[PDB]
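Okay, so here's just one chain, in structure tokens, the form deposited in one PDB entry.
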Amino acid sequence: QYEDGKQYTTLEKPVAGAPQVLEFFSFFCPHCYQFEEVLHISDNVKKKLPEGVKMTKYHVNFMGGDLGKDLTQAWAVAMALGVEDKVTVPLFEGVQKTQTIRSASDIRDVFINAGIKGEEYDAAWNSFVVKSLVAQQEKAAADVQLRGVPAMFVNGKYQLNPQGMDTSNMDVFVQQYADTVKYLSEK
């Protein structure tokens, strides 16, 4: 029942060297909020992935203007410090639920409240390591010529098509999405 054009589509120009499973999102994106905070798509895809398949998750600049670039840099900080699990939920809620994240310092407040020392965050925020992590996120999006989020790519060749899945039941939707990723990851 897996058909190119229903649950997924195939890239016209496949990308070499991409990660096995590459997810793109923005904290500004209401559909990304739905994917992560209500459906837990990434966590459920991870539960169905074959042994030795790595998932990479990158933030994108093209939503939210100045704040969008700030959020990409913050995600790079989160990746550099290994604290993605601590900040994803409060960053999504601060941008979309409470809408208390309007500036770079509000982003920093989320990390401080999650227990990241200000000195650690500030050293990372200003680091060339984080600058290179920002460039990597942008280059990954440039490779697939990303035009929208949320988005998921498998082996630089297939892009998930959530419009072809059942939206009448959220649990069914997550199962179909995760099974499709596993199917594509096996080629």
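For the two forms, the rigid core is made up of the largest set of C-alpha atoms that agree within 1.5 Å on superposition. Numbering starts at 1 and follows the sequence shown.
J.: Please work out whether 48 to 56 or 62 to 70 has the higher root mean square C-alpha deviation in 5 other deposited structures of this protein relative to the shown form, with the rigid core as fitting region?
T.: Once the core is superposed, the stretch further away in 5 other deposited structures of this protein is 48 to 56.
J.: Should the higher mean CA B-factor in the entry be assigned to 142 to 150 or to 24 to 32?
T.: 142 to 150 has the higher mean C-alpha B-factor.
J.: If you average the Cα B factors in the entry, which is higher, 116 to 124 or 45 to 53?
T.: According to the PDB entry, the answer is 45 to 53.
J.: Split the chain's modelled residues into thirds by Cα B-factor; is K69 in the lowest, middle or highest one?
T.: Ranked within chain, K69 CA B lands in the middle tercile.
J.: So where's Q159 on the chain's Cα temperature factor ranking, which third?
T.: Highest third of the chain for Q159's C-alpha B-factor.
J.: Mind checking which third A178 falls in for C-alpha B-factor across the chain?
T.: According to the entry, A178 has a C-alpha B-factor in the chain's middle third.
Although not depicted, the form solved in complex with a small molecule is the subject of the following passage.
J.: Report the residue, out of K157, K46, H31, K131, that has at least one non-hydrogen atom within 4.5 angstroms of the small molecule in the bound PDB entry.
T.: Of the listed residues, the single hit is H31.
J.: Since only the chain is shown here, I'm wondering whether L39 would be in contact with the small molecule in the bound PDB entry (any heavy atom pair within 4.5 Å).
T.: Yes - in the bound PDB entry, heavy atoms of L39 and the small molecule come within 4.5 Å of each other.
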